[PDB]
Amino acid sequence: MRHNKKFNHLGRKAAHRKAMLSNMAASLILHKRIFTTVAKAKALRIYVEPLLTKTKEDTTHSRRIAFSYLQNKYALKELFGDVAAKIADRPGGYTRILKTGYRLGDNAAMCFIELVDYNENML
Amino acid sequence: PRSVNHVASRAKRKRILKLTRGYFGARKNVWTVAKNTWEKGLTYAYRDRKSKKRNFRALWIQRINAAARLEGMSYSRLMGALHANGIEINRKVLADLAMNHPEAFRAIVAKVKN
Amino acid sequence: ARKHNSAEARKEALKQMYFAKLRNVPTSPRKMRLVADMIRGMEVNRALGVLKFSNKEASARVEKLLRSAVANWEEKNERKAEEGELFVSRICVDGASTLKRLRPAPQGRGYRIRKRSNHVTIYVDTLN
Amino acid sequence: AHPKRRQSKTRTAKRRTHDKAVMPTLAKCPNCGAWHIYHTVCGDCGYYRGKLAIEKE
RNA sequence: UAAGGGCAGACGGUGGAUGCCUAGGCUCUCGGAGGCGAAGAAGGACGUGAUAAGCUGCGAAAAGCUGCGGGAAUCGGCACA
RNA sequence: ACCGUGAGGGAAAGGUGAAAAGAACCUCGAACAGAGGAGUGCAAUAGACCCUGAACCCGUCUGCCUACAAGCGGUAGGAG
RNA sequence: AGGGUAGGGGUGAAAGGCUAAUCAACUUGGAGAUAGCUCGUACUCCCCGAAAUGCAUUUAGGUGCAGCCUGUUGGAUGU
RNA sequence: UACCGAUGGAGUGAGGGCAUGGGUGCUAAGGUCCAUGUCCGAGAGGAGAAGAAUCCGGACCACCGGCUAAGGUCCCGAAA
RNA sequence: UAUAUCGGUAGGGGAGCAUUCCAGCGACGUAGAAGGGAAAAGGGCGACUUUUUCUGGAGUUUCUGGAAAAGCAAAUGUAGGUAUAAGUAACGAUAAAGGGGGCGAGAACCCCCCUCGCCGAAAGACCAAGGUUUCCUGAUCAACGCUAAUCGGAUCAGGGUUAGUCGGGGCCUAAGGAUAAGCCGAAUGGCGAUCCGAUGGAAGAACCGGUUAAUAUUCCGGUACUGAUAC
RNA sequence: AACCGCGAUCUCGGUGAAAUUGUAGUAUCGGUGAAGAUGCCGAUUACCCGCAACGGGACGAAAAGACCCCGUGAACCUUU
RNA sequence: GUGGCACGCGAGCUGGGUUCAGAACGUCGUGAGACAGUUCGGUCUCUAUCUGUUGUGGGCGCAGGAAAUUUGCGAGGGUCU
Ligand SMILES: [K+]
Ligand SMILES: [K+]
Ligand SMILES: [K+]
Ligand SMILES: [K+]
Ligand SMILES: [K+]
Ligand SMILES: [K+]
Ligand SMILES: [K+]
Ligand SMILES: [K+]
Ligand SMILES: [Mg+2]
Ligand SMILES: [Mg+2]
Ligand SMILES: [Mg+2]
Ligand SMILES: [Mg+2]
Ligand SMILES: [Mg+2]
Ligand SMILES: [Mg+2]
Ligand SMILES: [Mg+2]
Ligand SMILES: [Mg+2]
Ligand SMILES: [Mg+2]
Ligand SMILES: [Mg+2]
Ligand SMILES: [Mg+2]
Ligand SMILES: [Mg+2]
Ligand SMILES: [Mg+2]
Ligand SMILES: [Mg+2]
Ligand SMILES: [Mg+2]
Ligand SMILES: [Mg+2]
Ligand SMILES: [Mg+2]
Ligand SMILES: [Mg+2]
Ligand SMILES: [Mg+2]
Ligand SMILES: [Mg+2]
Ligand SMILES: [Mg+2]
Ligand SMILES: [Mg+2]
Ligand SMILES: [Mg+2]
Ligand SMILES: [Mg+2]
Ligand SMILES: [Mg+2]
Ligand SMILES: [Mg+2]
Ligand SMILES: [Mg+2]
Ligand SMILES: [Mg+2]
Ligand SMILES: [Mg+2]
Ligand SMILES: [Mg+2]
Ligand SMILES: [Mg+2]
Ligand SMILES: [Mg+2]
Ligand SMILES: [Mg+2]
Ligand SMILES: [Mg+2]
Ligand SMILES: [Mg+2]
Ligand SMILES: [Mg+2]
Ligand SMILES: [Mg+2]
Ligand SMILES: [Mg+2]
Ligand SMILES: [Mg+2]
Ligand SMILES: [Mg+2]
Ligand SMILES: [Mg+2]
Ligand SMILES: [Mg+2]
Ligand SMILES: [Mg+2]
Ligand SMILES: [Mg+2]
Ligand SMILES: [Mg+2]
Ligand SMILES: [Mg+2]
Ligand SMILES: [Mg+2]
Ligand SMILES: [Mg+2]
Ligand SMILES: [Mg+2]
Ligand SMILES: [Mg+2]
Ligand SMILES: [Mg+2]
Ligand SMILES: [Mg+2]
Ligand SMILES: [Mg+2]
Ligand SMILES: [Mg+2]
Ligand SMILES: [Mg+2]
Ligand SMILES: [Mg+2]
Ligand code: NA
Ligand code: NA
Ligand code: NA
Ligand code: NA
Ligand code: NA
Ligand code: NA
Ligand code: NA
């Protein structure tokens, strides 16, 4: 049974899962759109929106809290620079997941996840 | 000289396998299975040629019994009366008349109804 | 002259058939047959879409075979096919030659591995 | 552990009754006029629900 | 209503049986001959071609050198040059 | 060839066509991967694993039967 | 690392351990040893048709001779 | 109707059930050892629900003819 | 012509069919032989035999007699081929991966970058044994690689290993081995003090720096040293 | 006994064995029987085809029982 | 409580006992060895085909197509003190 257990383990030990989520979040902040598996993107969304919300408080404390998750200074600088001003005054829902197709090697369901405010065509 | 009867040896099997068409699964075409099935069937056929005579006589007797009961008699009483009167019509003809020529069966019954 | 006459009859007969063949495809005949049964009897454009987006690996080769069959039809009828005009009227998958390999097993035993191939035949025709 | 008998062709085929390839869920996208998988990005034009999602140069 | 299945026919697939074929064996007959080697044998190694040599031939004169006799138009060995 | 330290043990494997005339060129396809043509040839369903091309085994099509039925699967009757 | 001991022979702080995945060795030959034991033995139709007892046997699941079958012949006698 | 002579070829020399007369055993055994018949062995067909030798009966082949045996005649299942 | 008879295991007797080849006599065949598929008919009875048609494309056959490598359903029988279990077990250490670009017809896996993780008296760097071209490059992705592959210790071709000083050998002997003079012994031979034989002893003798896709104390620039040889 | 983590497991894409195998449309009960029946008899129950899970039966699989006896079989060991 | 179910149940477990190669004691035997005996140590293999059982689906049927709510032919559970 897994009644009301609300996060995906993603076939990994806990430390590996946390490291993978951190790497994905840095990649998504640096390049505004990434291509992944659907399950990984759905897990990343829950991981990464609180981190983007934390930029609404422009403080050293919030910067340090965000760095404790990221551990990447380039990603932190970009996030508290351009990404913050872009996602300012948006009440949640900063990301979007769209399904694309299937891989050749293992038939994995593929998608892209992107920051919403960097897709001008979708507004 | 060296003699191997390849063609005759294969032709024997092919002739027998033409006879096992219609069987179920491997029994139609696998040869050891098929040849086994076909011989048991031949023993059955010998037995059933004998049993067919008993089966058809039983069918005739049942039809004669029904027609005699329609006329008012039973089979045993009717056949006793026919034998006493010396009528030699066999059960095959009597059953045929009972099924298809009821007036003729009725006249036969009326002959010995006394 | 006997075989020449028989060959001439067969050559005349082939002019009215529109088909393509794939021979010695190094993959499982059973797995290929799944795809064949999926697309048997289906209109050609829908079949091309189905094969393009199918989740089986064999569909990729079946799609190119189907395109070749449509091209053969077009050449033999001397005109381009229209929309919804052609359909997959026949398709079959046969087994072909097997490569035999040896794989080691515990305690010094060796087991045989079969790498199977298949043939595929596709006939197209009009929905008349 | 071990099969007492080989299975007949009939028994094997009866078990294989439920072995089938799955049809993909295909939508038409009447604008571009070609097939794509429902609830995915139309890979040719790069559109999705009438909006350019992926731009290809 | 056939998801599938059974039987028959037709037509294919696989596989390589059968039939036909073969100088490769087997058993002999007749007539010879019955050894090779320190003038270095049998059996090998390495080489040798216009082009890599797997066989064949040959041995730094290396698919060959000389003479006599025979013969008369192609030849430069075999593995589809 | 392969196997074994060694002495030693020890396989499988023949056939296009009369003649390579062994398929110029076209089509689908990234590709001869493969095929459909054209052409050669008495014949290519003789296309290189190539004479003939059986069985087991594997498919497709057509006809009939089959989802209330229980044992060597045939045999003898018998509608549609 | 090199060397030596070789088949009932070697070697054994002794377990019948080890002696090339083999130990109350391997290869080739005598050799197609022997096996009163087990298994197997392939086209057709026709006629006839047993025995599982006695005697002997280092014999007892083997065999010899009677008994009982069959073919061909000559005699009368069998029930 | 095939009993003896002489000759050619054998196989068998693990038997079993039933009835009868006995030994042994416990007047046990689908036990065991002899004797006299019989059947299975090497024997199909019928009745007994289904049973190697209990009851009837010895199958050249065919028949969609008839009479019977043991045993049966309300239905399954032939016949009151 | 009648009568009688005709169940059968071990087993005895009789009469036949097919197969390969031979002799004699007849025949057939590119206007289609053998073989293979289908169909029909026949036989006191049967083993089997005729005929038609398709495939096939070159040999076959009747009768009489002769001779045998003269007939398969089972031997946990043998070879080859193909099934069933089954699209099942499994894909070989639970050190672990994520993203962005590149190339490509095709990318989870190839190349580059960033991040993450594992070893670190090793899972880093060397010598020897053993292997023997696996090294580097260009083409190739059929087979091999437990998936795919544009990649590879894979296939094909080309290239690549440079010494007076490093290692070995040349020199010496150990165990042991082969022998001389001799000894022993049916034969083949067995022993037996100089020679062979490293795993040991001598070797006559350097380093620094640079350079290749692939070699370097070997090539080059310096700096040195050692052995023989002609004054 | 409860709960937790990863690997295996389950589902999907790719590759793809083995032991075993007379043919099978392979139900239950009690009888019967070479004496312990999926397959015989009489009843009973049961629409056709999968998947996951467990091991009661198929005298389940494997190795021509090593115990026991037998063969005028064999080897090795002991000894007046 | 007493019994049956291969003294129920090892393709379900175990391995204390029992069947095996080592060793020791008592006893017997000239000895090799042996036992109405004792003692310490001593590998428990198999991926479930059919049937069976526990769950869970697909197909068709039920007068043509359906969404709901239901009766109960029957089956199983419950039954202690
Ligand atoms: K040909
Ligand atoms: K020819
Ligand atoms: K064929
Ligand atoms: K039937
Ligand atoms: K005696
Ligand atoms: K007796
Ligand atoms: K011939
Ligand atoms: K066996
Ligand atoms: Mg897991
Ligand atoms: Mg009668
Ligand atoms: Mg493959
Ligand atoms: Mg795919
Ligand atoms: Mg090994
Ligand atoms: Mg399935
Ligand atoms: Mg059908
Ligand atoms: Mg065929
Ligand atoms: Mg010279
Ligand atoms: Mg290719
Ligand atoms: Mg042909
Ligand atoms: Mg051919
Ligand atoms: Mg009912
Ligand atoms: Mg029905
Ligand atoms: Mg001992
Ligand atoms: Mg050993
Ligand atoms: Mg001898
Ligand atoms: Mg022998
Ligand atoms: Mg003897
Ligand atoms: Mg007789
Ligand atoms: Mg005798
Ligand atoms: Mg005796
Ligand atoms: Mg006796
Ligand atoms: Mg008795
Ligand atoms: Mg007997
Ligand atoms: Mg008798
Ligand atoms: Mg009467
Ligand atoms: Mg009645
Ligand atoms: Mg008689
Ligand atoms: Mg007889
Ligand atoms: Mg012809
Ligand atoms: Mg023979
Ligand atoms: Mg045979
Ligand atoms: Mg076996
Ligand atoms: Mg299974
Ligand atoms: Mg494994
Ligand atoms: Mg698995
Ligand atoms: Mg290392
Ligand atoms: Mg390399
Ligand atoms: Mg390259
Ligand atoms: Mg591969
Ligand atoms: Mg290379
Ligand atoms: Mg010396
Ligand atoms: Mg290097
Ligand atoms: Mg499983
Ligand atoms: Mg899978
Ligand atoms: Mg019983
Ligand atoms: Mg029962
Ligand atoms: Mg059974
Ligand atoms: Mg067993
Ligand atoms: Mg035995
Ligand atoms: Mg018990
Ligand atoms: Mg057990
Ligand atoms: Mg058990
Ligand atoms: Mg002991
Ligand atoms: Mg211990
Ligand atoms: Na069907
Ligand atoms: Na071509
Ligand atoms: Na005879
Ligand atoms: Na080294
Ligand atoms: Na070396
Ligand atoms: Na003593
Ligand atoms: Na309705």
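Each chain gets a letter, A, B and so on, in the order the sequences are listed, and its residues count up from 1. Hydrogens, waters and symmetry mates play no part in the numbers below; they use all other heavy atoms, side chains included.
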Colleague: Scan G108(C) against the nucleic acid and name what it touches under 4.0 Å (heavy atoms): base, sugar-phosphate only, or nothing.
Modeller: nothing
Colleague: Using only heavy-atom distances, determine whether the side chains of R13(B) and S9(B) contain a donor-acceptor pair under 3.5 Å.
Modeller: yes
Colleague: Classify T43(B) by what it touches in the nucleic acid, base, sugar-phosphate, or nothing, heavy-atom distance under 4.0 Å.
Modeller: nothing
Colleague: Using the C1'-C2'-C3'-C4' sign, is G39(J) on the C3'-endo (north) or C2'-endo (south) side?
Modeller: south
Colleague: Does the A24(J) / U38(J) combination count as a Watson-Crick or G-U wobble pair, both distances under 3.5 Å?
Modeller: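 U38(J) matches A24(J) under the WC/wobble rule.
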Colleague: Which of the following nucleotides, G13(J), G98(I), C50(K), is nearest to the side chain of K56(C)?
Modeller: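 For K56(C), the side-chain atoms sit closest to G13(J).
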Colleague: Using a 4.0 Å heavy-atom cut-off across all strands, classify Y23(B) as base, sugar-phosphate, or nothing.
Modeller: sugar-phosphate
Colleague: Base, sugar-phosphate, or nothing: which does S97(C) touch, judged by heavy atoms less than 4.0 Å apart?
Modeller: sugar-phosphate
Colleague: At under 4.0 Å between heavy atoms, what does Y46(B) touch on the DNA or RNA strands: base, sugar-phosphate, or nothing?
Modeller: sugar-phosphate
Colleague: Select one nucleotide: of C58(F), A76(F), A86(I), the one nearest the side-chain heavy atoms of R16(D).
Modeller: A86(I)
Colleague: Any donor-acceptor pair under 3.5 Å joining the side chain of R114(C) to the base of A17(J)?
Modeller: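 Absent.
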Colleague: Can you tell me which nucleotide in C26(F), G99(I), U14(E) comes closest to the side chain of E75(C)?
Modeller: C26(F)
Colleague: Applying side chain to side chain donor-acceptor pair (under 3.5 Å), name anything that partners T53(A), two or more places apart in sequence or on another chain.
Modeller: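 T53(A) satisfies side chain to side chain donor-acceptor pair (under 3.5 Å) with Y94(A) once adjacent residues are dropped.
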Colleague: Can we call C28(F) and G34(F) a base pair, counting Watson-Crick and G-U wobble only and needing both distances under 3.5 Å?
Modeller: yes
Colleague: Could you work out the separation of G7(G) and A24(G) based on their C1' atoms and round it to a whole Å?
Modeller: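 The answer is 14 Å between these two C1' atoms.
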Colleague: Of the candidate nucleotides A44(F), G87(I), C116(I), which contains the atom at the shortest distance from the side chain of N23(A)?
Modeller: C116(I)
Colleague: With the criterion being N/O to N/O and under 3.5 Å, what pairs connect the protein with nucleotides 66-70 of chain H, and how long is each?
Modeller:
residue: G66(H); atom: OP1; partner: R91(B); partner atom: N; Å: 2.9
residue: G66(H); atom: OP1; partner: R91(B); partner atom: NH1; Å: 3.3
residue: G66(H); atom: OP2; partner: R57(B); partner atom: NH1; Å: 3.1
residue: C67(H); atom: OP1; partner: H83(B); partner atom: NE2; Å: 3.3
residue: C67(H); atom: OP1; partner: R91(B); partner atom: NH2; Å: 3.2
residue: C67(H); atom: OP2; partner: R57(B); partner atom: NH1; Å: 3.2
residue: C67(H); atom: OP2; partner: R57(B); partner atom: NH2; Å: 3.2
residue: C67(H); atom: OP2; partner: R91(B); partner atom: NH1; Å: 3.4
residue: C67(H); atom: OP2; partner: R91(B); partner atom: NH2; Å: 3.4

Colleague: Just call it for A60(C): base, sugar-phosphate, or nothing, with non-hydrogen atoms closer than 4.0 Å on any strand.
Modeller: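 No contact.
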Colleague: Scan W38(B) against the nucleic acid and name what it touches under 4.0 Å (heavy atoms): base, sugar-phosphate only, or nothing.
Modeller: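 Touches nothing.
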Colleague: Please tabulate the protein-to-nucleotide N/O contacts below 3.5 Å involving nucleotides 64-71 of chain I, giving atom names and distances.
Modeller:
residue: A69(I); atom: OP1; partner: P1(B); partner atom: N; Å: 3.2
residue: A69(I); atom: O2'; partner: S3(B); partner atom: N; Å: 2.9
residue: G71(I); atom: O4'; partner: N5(B); partner atom: ND2; Å: 3.4

Colleague: Touch check for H16(A), heavy atoms < 4.0 angstrom, all strands: base, sugar-phosphate only, or nothing?
Modeller: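 Base contact - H16(A) has a heavy atom under 4.0 Å of at least one base atom.
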Colleague: Give me each pair satisfying ring-ring contact (aromatic ring centres under 6.0 Å, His included) with a member in residues 1-43 of chain A, each pair once, sequence neighbours excluded.
Modeller: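 For residues 1-43 of chain A: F7(A)-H9(A), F35(A)-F112(A).
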Colleague: Can you find a donor-acceptor pair, distance only, under 3.5 Å between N24(C) side chain and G34(F) base?
Modeller: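 No.
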Colleague: In whole Å, what separates the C1' atom of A95(I) from that of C6(J)?
Modeller: 14 Å
Colleague: Enumerate all atom pairs, one protein N or O and one N or O from nucleotides 21-23 of chain J, separated by less than 3.5 Å.
Modeller:
residue: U21(J); atom: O2'; partner: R6(D); partner atom: N; Å: 3.2
residue: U23(J); atom: OP2; partner: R5(D); partner atom: NH1; Å: 2.6
residue: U23(J); atom: OP2; partner: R5(D); partner atom: NH2; Å: 3.3
residue: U23(J); atom: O5'; partner: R5(D); partner atom: NH2; Å: 3.3
residue: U23(J); atom: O2; partner: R27(B); partner atom: NH2; Å: 2.9

Colleague: Under 3.5 Å for both distances, do we get a Watson-Crick or G-U wobble pair between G66(H) and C21(I)?
Modeller: no
Colleague: For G99(I), does either OP1 or OP2 sit under 4.0 Å from a side-chain N or O belonging to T36(A)?
Modeller: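 Indeed not, no polar side-chain atom of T36(A) lies that close.
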Colleague: Remember a base hit wins even if backbone is also touched, and classify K5(A) as base, sugar-phosphate or nothing at under 4.0 Å, heavy atoms.
Modeller: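 Contact class for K5(A): sugar-phosphate only.
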Colleague: By the 4.0 Å heavy-atom rule, please label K18(B) as base, sugar-phosphate, or nothing.
Modeller: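 Result for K18(B) = sugar-phosphate.
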Colleague: With rounding to the closest Å, how many angstrom separate the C1' atoms on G37(F) and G29(F)?
Modeller: 15 Å
Colleague: Given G6(E), is OP1 or OP2 found less than 4.0 Å from the side-chain N or O atoms of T10(D)?
Modeller: yes
Colleague: Could you check whether the side chain of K52(B) and the base of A76(F) have a donor-acceptor pair of N or O atoms closer than 3.5 Å, going by distance alone?
Modeller: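 A donor-acceptor contact between them is absent.
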Colleague: For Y44(B) and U75(F), are the ring centres under 5.5 Å apart with planes inclined under 30°?
Modeller: no
Colleague: Tell me what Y102(A) touches on the nucleic acid: a base, only sugar-phosphate, or nothing, going by heavy atoms under 4.0 Å.
Modeller: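 Contact class for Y102(A): none.
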Colleague: Hey, does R63(B) reach any base, or is it just sugar-phosphate, or nothing, if we go heavy atoms under 4.0 Å?
Modeller: nothing
Colleague: Using atom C1' of each nucleotide, how far apart are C3(F) and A20(G) to the nearest Å?
Modeller: 15 Å
Colleague: Pick base, sugar-phosphate or nothing for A20(C), based on heavy-atom distances below 4.0 Å to the nucleic acid.
Modeller: sugar-phosphate
Colleague: With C1'-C2'-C3'-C4' as the criterion (positive north, negative south), name the sugar pucker of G45(H).
Modeller: north
Colleague: Of the nucleotides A62(H), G87(I), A97(I), which one has an atom closest to the side chain of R49(B)?
Modeller: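 Closest of the options to the side chain of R49(B): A62(H).
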Colleague: Kindly state whether the bases of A67(F) and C68(F) qualify as stacked, with ring centres closer than 5.5 Å and planes tilted less than 30 degrees?
Modeller: no
Colleague: List the atom pairs, donor and acceptor, that lie under 3.5 Å between side-chain atoms in residues 40-61 of chain B and the rest of the protein, sequence neighbours left out.
Modeller:
residue: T43(B); atom: OG1; partner: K40(B); partner atom: O; Å: 2.6
residue: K53(B); atom: NZ; partner: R49(B); partner atom: O; Å: 2.9
residue: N55(B); atom: ND2; partner: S51(B); partner atom: O; Å: 3.4

Colleague: NA contact type, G105(A), heavy-atom cut-off 4.0 Å: base, sugar-phosphate, or nothing?
Modeller: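 Base contact.
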Colleague: If you compare every side-chain N and O of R21(B) against the phosphate oxygens of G9(E) (OP1, OP2), does one of them come in below 4.0 Å?
Modeller: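 Yes, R21(B) has a side-chain N/O under 4.0 Å of OP1/OP2 on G9(E).
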Colleague: Watson-Crick or G-U wobble between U49(K) and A58(J), both distances under 3.5 Å?
Modeller: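 A pair, by the stated definition.
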